[PDB]
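Enquirer: using only what follows, build the 3D model:
(2 chains)
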Amino acid sequence: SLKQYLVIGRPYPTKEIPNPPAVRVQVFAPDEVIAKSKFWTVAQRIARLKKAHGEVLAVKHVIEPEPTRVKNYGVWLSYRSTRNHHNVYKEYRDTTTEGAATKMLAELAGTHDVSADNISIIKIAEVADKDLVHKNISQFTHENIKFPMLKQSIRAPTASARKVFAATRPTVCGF
RNA sequence: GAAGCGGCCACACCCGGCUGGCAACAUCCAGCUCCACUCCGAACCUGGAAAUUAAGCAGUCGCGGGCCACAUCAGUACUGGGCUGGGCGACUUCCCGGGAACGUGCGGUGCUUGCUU
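Expert: Numbers count the residues shown, from 1 in each chain, chains lettered A, B, ... in the order given. Here you go:
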């Protein structure tokens, strides 16, 4: 699964300019090798720094201070569809920044039908309950939340104990 | 510094100003022979040296035209590989590589080969 990464890179020393500016990029990738390639894509596209003349100094893996508790996450992104580019601010409720970013790649591929090639994120950050403005996620920050589990599952409690017959009929009611 | 002989052949060209002539280059003065104008000593040619730096030439100036140089322009345009990627199609995301031009910004405007007073 995706892991947040911070990558810092720089161009090689020329004799004209030793110690140039380095540059960092936040990237989301399954491992350290992919995170380099996402850095070289963003560095080339914007800051004009190529693979063929540049170091890459530190792939830092961002682990969470606490994954124990739930946070809100605003995600400002652009996504591209044929004939136009759209800017969207979408937000999510999750244990971590990565799990929010993994959610929206599924949600955009679901709802809008665009892949991670076309998508380009601007900003992820955690956000307080006061500044949060979207109604369907604001309801989970309130107190006294009840919802029932209408439609129970029929699965095996362990994969040994599955069966394709039954005497009694299963009840799939919420209760 | 000036002159003959040249090398790379505009950072040297083209328009217009200003400052210099000790010798040197030149304008300039004259026309008899050499010879010269399909007419003309204007040119070419020959013999001068009175007076000038006005012109050529030399140096220098211009928010000058052009030329040259670096940086931006731009990781743009285009492009070599790869996908049972997308798309009715036309075309085009993405992955591994290469990478312009015009324009604009600031700078510059000849550097010296061998012989001679």
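
Enquirer: excluding its backbone neighbours, what's nearest the most centrally placed residue in chain A?
Expert: Among the residues of chain A, the one closest to the centroid is residue A:101, at 1.2 Å (CA atoms, centre = their mean). Using CB to CB, 6 or more residues apart in numbering and skipping residues adjacent in sequence, the residue nearest residue A:101 is residue A:28, 5.2 Å away. From N, CA and C alone the C-beta is placed, and that goes for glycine too.

Enquirer: state the distance from that neighbour to residue A:6.
Expert: Separation of residue A:28 from residue A:6 (CB to CB, to the nearest Å): 11 Å.

Enquirer: okay, these two: which has more neighbours?
Expert: The neighbour comparison of residue A:28 against residue A:6 (other CB atoms under 10 Å) goes to residue A:28, with 21 against 15.

Enquirer: any idea which helix or strand comes after the strand or helix carrying residue A:37?
Expert: Element membership for residue A:37, per DSSP states H and E: helix A:32-45. Counting by DSSP H and E, the element after helix A:32-45 in chain order, helix or strand, is strand A:55-61.

Enquirer: just the residues contacting stretch A:48-65, thanks.
Expert: A:3-12, A:22-23, A:32, A:35-36, A:39-40, A:43-44, A:95-97 (CB atoms under 8 Å, 6 or more residues apart in numbering).

Enquirer: could you redo the last one with a cut-off of 7 Å?
Expert: A:3-12, A:22-23, A:32, A:35-36, A:39-40, A:43-44, A:96 (CB atoms under 7 Å, 6 or more residues apart in numbering).

Enquirer: can I have the buried ones of the residues you listed as a ChimeraX selection?
Expert: In ChimeraX syntax, the buried subset of those is picked out as below (16 or more other CB atoms under 10 Å):
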select /A:3,4,5,7,9,10,11,23,35,36,39,40,43,96
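
Enquirer: filter the contacts of stretch A:48-65 down to the ones near RNA strand B?
Expert: The subset of these within reach of RNA strand B, counting by CB under 7 Å from any atom of the strand, consists of A:40, A:44.

Enquirer: from what I can see residue A:116 touches residue A:105, true?
Expert: Yes - counting by CB atoms under 7 Å, residue A:116 touches residue A:105, with 5.4 Å between them.

Enquirer: neighbours of residue A:77, how many?
Expert: The burial count for residue A:77: 19, using other CB under 10 Å.

Enquirer: sorry, wrong one. I was asking about residue A:41.
Expert: Residues near residue A:41, counting by other CB under 10 Å: 13.

Enquirer: for chain A, which residues are neighbours of RNA strand B?
Expert: A:37-38, A:40-41, A:44-46, A:48-52, A:80, A:82, A:115, A:117-118.

Enquirer: of those, buried ones?
Expert: A:38, A:40, A:49, A:118.
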